[PDB]
Structure formats: C-alpha cells, structure tokens
Amino acid sequence: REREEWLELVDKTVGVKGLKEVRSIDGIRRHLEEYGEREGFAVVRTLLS
Amino acid sequence: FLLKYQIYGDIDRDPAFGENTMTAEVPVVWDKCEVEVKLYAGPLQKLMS
Amino acid sequence: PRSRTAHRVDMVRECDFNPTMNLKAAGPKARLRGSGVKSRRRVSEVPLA
C-alpha cells in the first residue's frame, strides 16, 4: 500500500491482481471443515509500523 | 414447588459452632410469556424409492 | 503516511469453472428443496441453479 503510495511520485493508476466476486450460501452451510477459536496477531494491535 | 437444599463446610476440620450445614428453600412459581417459533432450512431424510 | 492521492486498482476479469461431470449432485438439489416450497421451478432453470 505505502509502497504503491511512494510509487505515485512518477506514474499513477495502473495496478491489478486477484479477481472480483465470491459466493457460497442459500440458507445454511455444510460446515465440515476449518475453525479458529483463538485468533490474535501482531498486526491487529496498534502497531501498524 | 419448593426446593430444599443444604450447604456444608469442608476441608477445614470443623469446630462446634452449632452449624456445619445450612438450609436453603427455593420457591419457584411458573410464569407465562408469549412463544414465537420460527422455521428455517435444515437437513433432510433419505426417502429411498 | 499522507503523500499522494487517487490511483487505486481495477480488478481483472476471469472465468469460473467446476467439478467435471454431467450428472447433478444429490446434496445441492436436496438442500435447494429445504428452503422453498414451489411445485415446479420458479425462474424455469435447472442447470444454472
């Protein structure tokens, strides 16, 4: 983000990767897979530097 | 309907206070508030033909 | 943080694809029936559903 922000000095407005939309639901989910009960990482905390 | 319960003193080798156990009687009367049932999609049966 | 303005990204367009076989899956059909109660299929489409 800030790399592209610093890239703004010379040129601007041409970047892209990773498609658009997603779907999965119509009432209920099957749910036979991943959970993550405990979740915390350094980034979420007030340390964006 | 009343509910007789009784507490005890444990672990500490008790003296003669005239009370090791207590007595608690809980009165419970039934109350009525409106019911509101809702229907959503769940798993279906086999139904083999 | 604040240097330069605008820019941003235009997401690229891509196709979608599937598990390869002719027949319909039992789950997706049986589970589609759990939500609605139509006799024949509103929209008038079987495969796209």
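Each value, and the rule that gives it
- Residues numbered from 1 in each chain as written, not as in the entry; some residues may be left out.
- Chains lettered and ligands numbered in written order.
- Part of a larger assembly, values for the part shown.
- Heavy atoms only, no water.
- Contact = heavy atoms within 4.5 Å.
- Buried area = accessible area lost by both parts, 1.4 Å probe.
- Salt bridge = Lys/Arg side-chain N within 4 Å of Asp/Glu carboxyl O.
- Polar contact = N/O pair within 3.5 Å; in protein donor to acceptor, adjacent residues only side chain to side chain.
- Nonpolar A, V, L, I, M, F, W, Y, C, P; charged D, E, K, R; others polar.
- Helix = DSSP H or I, 4+ residues; strand = E, 2+ residues; numbered from the N terminus.
- Buried < 20%, exposed > 50% of the residue type's maximum accessible area, 1.4 Å probe, protein only.
- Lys, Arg positive; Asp, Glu negative; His and termini not counted.

The deposited coordinates derive from cryo-EM, with the record listing a resolution of 4.1 Å.

Chemist: Explain the interface of chain C and chain A to me, and be specific about the residues and the numbers.
Modeler: In this complex, chain C contributes 16 residues to the contact, which on the side of chain A involves 15 residues. Summed over both partners, the interface of chain C with chain A comes to about 1,400 Å²; 50% of that surface belongs to carbon and sulfur atoms. Three residues stand out in chain C for area buried against chain A, namely C:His7, C:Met11 and C:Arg31, and they jointly supply 38% of the buried area on that side. Across the chain C-chain A interface, the total number found is 0 salt bridges. On inspection of chain C and its partner chain A, the count reaches 4 residue pairs in polar contact. The residue makeup of the side of chain C that touches chain A, split by class, is 6 nonpolar, 4 polar and 6 charged.

Chemist: Tell me what's going on with the side chain of A:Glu8, and back it up with residues and numbers.
Modeler: With respect to the helices, strands and loops of the structure, A:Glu8 is situated in the segment after α1 (2–7). Notably, A:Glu8 is buried but unbridged: the nearest opposite-charge side chain belongs to A:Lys12, and the N-O separation is 4.9 Å. Those residues in contact with A:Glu8 that lie beyond four places of it in its chain are C:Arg4, C:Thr5, C:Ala6 and C:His7.

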